[PDB]
Amino acid sequence: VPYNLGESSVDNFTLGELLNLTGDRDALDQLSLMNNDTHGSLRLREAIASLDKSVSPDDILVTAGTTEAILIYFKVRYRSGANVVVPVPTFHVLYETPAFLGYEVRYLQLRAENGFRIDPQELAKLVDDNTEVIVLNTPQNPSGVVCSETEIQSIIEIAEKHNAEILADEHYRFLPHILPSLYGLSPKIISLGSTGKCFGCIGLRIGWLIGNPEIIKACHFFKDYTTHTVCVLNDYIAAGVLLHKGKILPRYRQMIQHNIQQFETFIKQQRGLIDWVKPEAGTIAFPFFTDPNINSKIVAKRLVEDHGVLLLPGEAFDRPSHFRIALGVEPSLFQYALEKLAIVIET
Amino acid sequence: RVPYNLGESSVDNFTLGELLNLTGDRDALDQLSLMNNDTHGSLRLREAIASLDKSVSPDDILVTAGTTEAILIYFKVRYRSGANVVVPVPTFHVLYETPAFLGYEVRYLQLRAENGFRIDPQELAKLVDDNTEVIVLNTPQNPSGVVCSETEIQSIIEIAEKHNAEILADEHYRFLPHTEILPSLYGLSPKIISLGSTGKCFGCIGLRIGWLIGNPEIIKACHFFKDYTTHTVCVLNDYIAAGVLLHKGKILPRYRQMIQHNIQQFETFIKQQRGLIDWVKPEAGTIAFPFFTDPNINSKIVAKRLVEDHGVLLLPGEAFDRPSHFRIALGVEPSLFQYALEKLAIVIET
Ligand SMILES: [Mg+2]
Ligand SMILES: [Mg+2]
Ligand SMILES: [Mg+2]
């Protein structure tokens with residue numbers, strides 16, 4: 001569809017556009033197509049580590065996207081009778097991969113009436129001594145909510161009291177409306193990051209895991225049975241992306257804030273029919289119809305067939321009144337999408 | 001990290017620039033969008049893969065990040081409680097260790113140098129029962145280089161079709177026969193799932209491009225579960241691997257030439273060793289699995305002393321539970337191969 005607002009990545013570069021910003025074009029031809037460093041290249045791991053003082057280049061395992069990292073981590077920490085706590089709505093892999101691996105998945109239902117925020121007392125009611133992982137996706141996909149320092153501190157306290165690790169999916173830390181990594185805040189925190197969603201190069205398939213030496217050694221071992229290594233080419237391009245983030249992220253931040261303002265104007269024009277928890281960071285928002293009778297699936301279907309505008313209906317997150325909309329698109333397409341959405345609402 | 005590594009199963013790898021000079025794909029890379037690739041792999045790559053055999057259509061192919069991912073996805077989708085897999089060993093460790101991780105009962109079919117590392121049909125039927133879901137068929141074999149004959153293939157198909165077990169045909173090394181490439185086994189029976197890759201044969205193992213070839217239902221099931229391993233492969237690797245296949249005639253003859261020169265060099269080396277060294281002569285692929293005919297020397301300590309004193313790495317046969325054997329790469333420069341043989345003779349003498 002020409003007006004696709006249903007993705008969680010920003011508008012992607014071409015390879016040539018990206019290399020004109022990173023300067024990495026001439027170095028690519030000398031790269032060897034032998035197997036990459038199995039932890040990821042030092043250049044990429046040092047570029048990742050430079051984002052946070054708490055992170056050293058040896059704490060990092062580069063994976064083929066965070067999807068692979070999620071799989072390897074949950075496999076390593078699996079044991080019979082273990083459970084994972086997943087706040088939902090979130091990226092589906094974060095609860096489906098543990099389920100595939102045999103985990104008992106305990107869902108923490110986040111809701112727009114509570115600002116999609118984690119209540120520590122409701123999380124402590126889900127964590128026991130068999131809880132091995134608490135998933136913490138911040139900034140959140142689809143809400144865009146950033147966990148406050150006190151919510152994090154309460155989660156750290158629940159996790160350290162039950163010896164549960166915290167899987168902090170920090171995919172969207174690069175686009176505040178960068179956010180510091182949670183990796184240093186507690187020994188139980190394992191951090192996930194990626195260039196994909198924030199830098200206009202989701203197709204590079206570069207993610208990383210940050211953890212203590214034993215979880216890194218265990219994840220590195222099992223990666224031999226998923227993809228072995230990531231390509232030196234994607235590795236090298238992703239590293240230059242991070243080292244030149246100042247040529248990429250501010251432009252996307254500017255696009256997102258224009259689209260946030262455009263959606264707030266759209267909220268005023270809809271006069272209470274549309275609301276949202278205003279996002280704090282990332283590439284997406286999760287607005288909702290304030291009418292419990294309208295189903296976003298039927299609005300979205302008419303919008304994509306009659307106008308070619310794609311919004312992700314909230315049923316994909318079991319929130320039928322909501323829909324996710326991409327903020328990292330050109331503001332003209334964003335505004336065009338809202339104007340067609342207003343037409344579907346009016347009729 | 002040792003400069004004279006003969007312990008790998010890939011051929012000498014290109015730099016990206018060396019490969020692009022052969023495929024002509026350099027100028028096209030800049031226009032590629034970094035959005036998500038086609039989740040089956042690009043049509044350009046799947047058409048290039050499919051063009052290798054009449055039995056293969058572009059819709060039968062799922063591109064993965066190496067065959068390691070395809071192996072994980074395939075065994076996951078086909079797993080059920082109480083299922084077993086039959087794996088001829090020695091073979092690539094992932095082919096039996098990944099099923100073990102997924103809960104399969106792994107039944108090993110010991111391949112043997114006294115039998116030419118060939119599959120015995122009567123010994124395979126004694127391992128396949130009604131609970132066998134997969135029979136692994138690595139041809140050409142890693143580490144032996146043995147190609148399964150036409151009669152061995154039909155006998156395996158008959159054991160598989162009588163117990164309704166699938167055949168996972170790892171055809172990684174079909175591009176380097178010692179015909180231009182070996183024919184795919186995919187069309188030979190509806191139970192055969194084919195795995196292929198450009199990595200080991202084309203000098204670009206680092207691209208991480210593999211593929212699975214199967215019926216529409218296994219493709220759909222594998223495509224679904226790929227969303228939980230890597231989602232998609234990069235459009236850049238996809239594009240380069242397609243050009244590798246479309247220009248295989250500009251790439252493979254050099255490696256075939258290197259391998260046959262090294263096969264001749266090792267045959268001269270066997271004669272110089274006067275019965276101390278033997279092998280099942282490889283028929284295809286990038287590797288050989290020679291052995292010492294002396295039951296007293298341990299190949300692991302020979303390899304240990306060879307790398308420390310000469311910087312030459314051979315893979316000791318203990319890695320395949322064949323202590324008298326060692327694996328040696330044939331897809332290296334013949335000058336480096338000869339250097340390795342001349343230093344291996346020095347370690348042997350003392
Ligand atoms: Mg640092
Ligand atoms: Mg516990
Ligand atoms: Mg064909």
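These values consider heavy atoms only, across backbone and side chains, with no hydrogens, waters or symmetry-generated copies. For ligands, and for the atoms within them, numbers begin at 1 and follow the listed sequence. Sequence lines set the chain letters: A, B, ... in the order given, protein chains first and strands last, and positions in each chain run from 1.
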Legend entry - the Mg ion (ligand 2) - name of the N/O/S atom of A:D129 that sits closest to it: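 The nearest such atom is O.
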
Legend entry - Which N, O or S atom of A:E132 lies nearest to the Mg ion (ligand 2), by name: OE2

Inset, instruction - Report yes or no: does B:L52 have an N/O/S atom closer than 2.8 Å to the Mg ion (ligand 3)? - result: no

Inset, instruction - Look at B:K54 and state whether any of its N, O or S atoms is less than 2.8 Å from the Mg ion (ligand 3). - result: no

Legend entry - Heteroatom of A:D52 nearest to the Mg ion (ligand 1) (N, O or S, atom name): O

Inset, instruction - Report yes or no: is the cationic atom of B:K200 (NZ for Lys, CZ for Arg) under 6.0 Å from the centre of the six-membered ring of B:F92, at an angle within 45° of the ring normal? - result: yes

Inset, instruction - Decide yes or no for B:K76 and B:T229: does some side-chain heavy atom of the first lie under 4.5 Å from some side-chain heavy atom of the second? - result: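 With C-beta onward as the side chain, the pair stays apart.
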
Legend entry - SB check A:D59 A:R45 (cutoff 4.0 Å):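 So A:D59 does not pair with A:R45 through a salt bridge.
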
For residues 207-219 of chain A, dump all side-chain donor-acceptor pairs below 3.5 Å to protein atoms at least two apart in sequence or in another chain.
{"residue": "A:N212", "atom": "OD1", "partner": "A:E214", "partner atom": "N", "Å": "3.1"}
{"residue": "A:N212", "atom": "OD1", "partner": "A:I215", "partner atom": "N", "Å": "3.0"}

Inset, instruction - Please work out which of the three classes, parallel, tilted or perpendicular, describes the rings of B:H40 and B:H223, given edges at 30° and 60°. - result: parallel

